[PDB]
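Trainee: an experimental structure, sequence included, is below.
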Amino acid sequence: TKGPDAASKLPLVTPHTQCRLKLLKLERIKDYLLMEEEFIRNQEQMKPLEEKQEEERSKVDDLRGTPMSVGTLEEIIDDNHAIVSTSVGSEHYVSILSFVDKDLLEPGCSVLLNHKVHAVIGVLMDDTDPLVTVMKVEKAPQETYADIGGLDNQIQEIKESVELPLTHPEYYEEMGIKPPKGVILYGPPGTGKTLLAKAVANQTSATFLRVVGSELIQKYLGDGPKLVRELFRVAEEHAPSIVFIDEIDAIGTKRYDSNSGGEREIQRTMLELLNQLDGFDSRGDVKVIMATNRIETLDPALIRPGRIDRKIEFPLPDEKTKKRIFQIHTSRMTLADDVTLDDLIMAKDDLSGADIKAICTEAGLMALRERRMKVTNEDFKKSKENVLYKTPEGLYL
Amino acid sequence: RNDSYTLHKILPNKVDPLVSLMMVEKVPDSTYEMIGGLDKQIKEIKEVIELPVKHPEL
Amino acid sequence: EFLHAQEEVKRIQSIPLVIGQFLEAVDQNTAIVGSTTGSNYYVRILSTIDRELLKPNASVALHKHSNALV
Amino acid sequence: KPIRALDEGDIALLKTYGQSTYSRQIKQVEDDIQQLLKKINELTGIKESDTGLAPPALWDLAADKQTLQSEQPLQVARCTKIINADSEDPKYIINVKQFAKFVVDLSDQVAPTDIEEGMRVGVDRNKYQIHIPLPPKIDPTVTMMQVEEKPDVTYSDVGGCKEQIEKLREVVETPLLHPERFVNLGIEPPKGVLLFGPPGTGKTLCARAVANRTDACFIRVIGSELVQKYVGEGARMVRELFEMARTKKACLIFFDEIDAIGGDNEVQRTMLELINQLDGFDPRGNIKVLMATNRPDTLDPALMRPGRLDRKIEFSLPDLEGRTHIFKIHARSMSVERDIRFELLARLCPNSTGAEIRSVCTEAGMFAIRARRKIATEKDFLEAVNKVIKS
Ligand SMILES: Nc1ncnc2c1ncn2[C@@H]1O[C@H](COP(=O)(O)OP(=O)(O)OP(=O)(O)O)[C@@H](O)[C@H]1O
Ligand SMILES: Nc1ncnc2c1ncn2[C@@H]1O[C@H](COP(=O)(O)OP(=O)(O)O)[C@@H](O)[C@H]1O
Ligand SMILES: [Mg+2]
């Protein structure tokens, strides 16, 4: 199989104060970008290479004709005929022409067929329908483990699950334990689940496949399980890989006796996902990461220990994690010296990481309200209740 | 093409009609001058709607 | 000859016609129509049609054998 | 206080004054950086997708044209009722997938004896005549089937099911390895058994272990497999599995997670095919059926009728001795010390299913790796059982 993907550019942020150290670094980046551009431009400027075989290729193309419809090789018969299902779904007993690589024909591979008199005339190993292609990460997110405040145990567990096996896994079979196939993140909303997924996708060395969960569902019958199958086939094909299925409760809810055809198809899509998750060995280098807020509403077969062993809890940030988050999100700010930031952290609330980020943004807005950018403590004081909208006093005192 | 299936033109990007109808082609006739009170609400809505769009530099 | 050509153009608006939805306009004379037969086609708009009434998702009748937005 | 909207002068002054002297070049350079990335992405190309072209000199392009002009494709279909042919009604209703269904007569090259209901048949375009029967074939690479002749799990690898494994012994060992006792006792050997219990209890694993120790090959039939894509012909698929079990000296046919099948049009066709392959097949055979479900009552009432399923077997959660035994059997394959109080761990994980115990051992290994120690301690097991158990 081929290798992983998700190329990203340089972290930079070695300085962030625009003290020209950022300028030399971005200048080096842009200069090398110019070097790449000039090199490839001048390569395509002088690159004469074509024809060669030609007439043999010309006649094999003439045999192929135009257009050639791609189909899915469902089954093979004696090595001159096979069973191939067209993208409509109707399948035909067709002949396999001599010039096709009999080694490549394997149930599932996309096979080029003649438009008239269907016949296997070529094999496509890179069908990758646009949906699953989109679900693949190309430009890795800019967030990083430095951007995450707190969640030391969470970062540690997620790295033990989806970094340590891809890097040196000798400890795992040294101890005889299988690597954890699949991890699931859960907790209250805005606690750092999707942020941790971004961070993992940044410091990664494997194909990262971001999935919405609700994206897997498709209108046409059989498109859902087919999409799930293709997604995981791409994951194995580009192994090692990480499949991130955000908001798994979009499909992971309790299984119940389906009546409507749509509910039956949803159940079938989940059954296909679960069967696929069982399909690849835990020794295999494809790991899945699913996040959700309503953990209790999940199917207790999706979270079976034989399927998804790890379960990373994301509690509302504590006071020390709150202060780490505040340090992170006020780092770029030009805070005045009077701000303490400890009064907000003190206030016993349910401030999340997202809530802290919003408090900081609102404080900046309130500073802009007074035409300043130095952001005093009063701006944070008002911003706290500006963002935090909404026990009867002396009950529990 | 008809049945030769030959790419012969490039068409604008696909937006399905159901969501293309969602664009506000014909602007509605309601001004801030017809909104009584809500001055604080209007400023708050503007600080999120137009201030980031008009000037993200701040 | 002009009268004859106008007669031909008028006759191309005869019945039966398949209903479709005018998805988007491409050129002054071509458009993308989603035929009610469940397929989308890149077809040609008849010249005589008022362009201003050609709005997205407006139901349009297409020629049976050419799908042209008649 | 009425807060003033920032004026154009105010915007202009905010953009300057309180700015670093390097805002301009930094922002410009980063913009050109992104633009150059986009240019490289747009012009780097795609590279030829490498269609499945065989190496030269392997091609018979002349004979390829001969086939393309003479040999014809055939649509395949799920054949149905024979219309009671009797050589005067050779027509059969055939179902070409999502396309329609047609009554069609045979080709002269085929005989009616080679055509029966339910099989895939290749039919021509012109007249839809069935031109050749196409058996769905049987291959361990395809489907998910027995894929096992001698499972690697013995009675040693199963613990905490002592009464359970003893009842299973009664079920399978006594008839298979001692037929003479039920011969001279004049009693039919048990015809069917249901191993019903909560998930992760070990049903699958106990079945596999008894298959290994009964000198018969284990059969793995995942239900969702034939509920999903491999549905329909699944009747003929299990037909062939049972037939090969006939050819095989002894098969231990167990249908994994039969909760997926027992709970129905092709599903009913399938379990009536097992009606033909247990009721129709002699009850004396060595290919005994093994039923195991997460939902016991889900099985159709016509299945457990006397003369189809003799016994029902309850896999309960392991006890204290059972939990320590599974802990030992799972830590044997692990790097630990020799003074691990497994009894302590078994006590600390009450009402815990076997899968929870294997996950506890895995987490103990994880904790050992966390400290970068090659040997897990009792402390690691304690914190692991604190983690997994108690949820
Ligand atoms: N520990 C943290 N340190 C820094 N920022 C954090 C932290 N936790 C959350 N945040 C901030 O919260 C924002 C939103 O969080 P995120 O998108 O991860 O939500 P989530 O917890 O996955 O929730 P949901 O999936 O329910 O929307 C992030 O952009 C990030 O800036
Ligand atoms: N009695 C037992 N002895 C040994 N291992 C067991 C026992 N019960 C459960 N297990 C463990 O549980 C895991 C999964 O069990 P499984 O057979 O899949 O459960 P189910 O009966 O629901 O199919 C196996 O890896 C096995 O090690
Ligand atoms: Mg989130």
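Mentor: Cool, got the structure. Residues are numbered from 1 along each chain as shown, chains lettered A, B, ... in the order given. Ligands and ions are numbered 1, 2, ... in the order given.
Trainee: so where do the helices sit in the stretch 101-250 of chain A?
Mentor: Remark: helices assigned in the stretch 101-250 of chain A by DSSP state H, counting those that start in this stretch are A:130-134, A:152-162, A:170-174, A:193-202, A:223-237.
Trainee: try the stretch 51-200 of chain D
Mentor: D:61-70, D:162-168, D:174-177, D:179-184.
Trainee: does residue 3 belong to a helix, a strand or coil?
Mentor: No chain was given, so I picked chain A. What DSSP: H, G, I helix; E, B strand; the rest coil gives for residue A:3 is coil.
Trainee: next up, phi/psi of it, please.
Mentor: phi -110, psi -180 (degrees, to the nearest 10).
Trainee: for residue A:166, see how far away the nearest residue to it once chain neighbours are set aside is.
Mentor: Leaving aside its sequence neighbours, residue A:3 sits nearest to residue A:238 (Cβ to Cβ, 6 or more residues apart in numbering or on different chains; 7.2 Å). Yep, even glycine has a C-beta here, placed from its N, CA and C like the rest. Using Cβ to Cβ, to the nearest Å, residue A:238 is found at 13 Å from residue A:166.
Trainee: okay, these two: which has more neighbours?
Mentor: residue A:238 (21 against 18; other Cβ atoms under 10 Å in any protein chain shown).
Trainee: got a list of what that one touches?
Mentor: Counting by Cβ atoms under 8 Å, 6 or more residues apart in numbering or on different chains, residue A:238 touches A:1-5, A:207.
Trainee: again, but for residue A:162
Mentor: A:183, A:200, A:242, A:287, A:289.
Trainee: make CSV from the helices of the stretch 101-250 of chain A and add distance to residue B:30 to it.
Mentor: Listed next are the helices of the stretch 101-250 of chain A as CSV, based on distance: least, Cβ to Cβ, whole Å:
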stretch, distance to residue B:30
helix A:130-134, 38
helix A:152-162, 48
helix A:170-174, 64
helix A:193-202, 37
helix A:223-237, 43
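Trainee: residue in chain B nearest to ligand 2?
Mentor: Closest contact between chain B and ligand 2, by Cβ to the nearest ligand atom, is at residue B:16 (44.9 Å).
Trainee: tally of neighbours for that residue?
Mentor: 11.
Trainee: check the gap between it and residue C:59 for me.
Mentor: Distance, residue B:16 to residue C:59, using Cβ to Cβ: 16 Å.
Trainee: for the longest helix along chain B, buried residues please.
Mentor: As assigned by DSSP state H, the longest helix anywhere in chain B is helix B:39-49. For helix B:39-49, burial by neighbour count (16 or more other Cβ atoms under 10 Å in any protein chain shown) applies to residue B:47.
Trainee: and the stretch 1-150 of chain D, which residues reach chain B?
Mentor: Remark: the part of the stretch 1-150 of chain D in contact with chain B comprises D:2-3, D:5-6, D:11, D:14-15, using Cβ under 8 Å from any Cβ of the partner chain.
Trainee: do that again at 10 Å, thanks
Mentor: Residues of the stretch 1-150 of chain D found near chain B (Cβ under 10 Å from any Cβ of the partner chain) are D:1-6, D:8, D:10-12, D:14-16, D:18-19, D:23, D:27.
Trainee: hmm, back to that, do I have it right that the residue of chain B closest to ligand 2 meets residue A:219?
Mentor: No: if you go by Cβ atoms under 10 Å, residue B:16 and residue A:219 don't touch, sitting 11.8 Å apart.
Trainee: quick check: closest non-adjacent residue to the residue of chain D found nearest chain A.
Mentor: Closest to chain A within chain D is residue D:52: 2.7 Å, counting by Cβ to the nearest Cβ. Spatial nearest neighbour of residue D:52, excluding adjacent residues (Cβ to Cβ, 6+ apart): residue A:123 at 2.7 Å.
Trainee: list the contacts for that neighbour?
Mentor: Residue A:123 is in contact with A:70, A:73, A:100-106, A:109-112, D:50-54, counting by Cβ atoms under 10 Å, 6 or more residues apart in numbering or on different chains.
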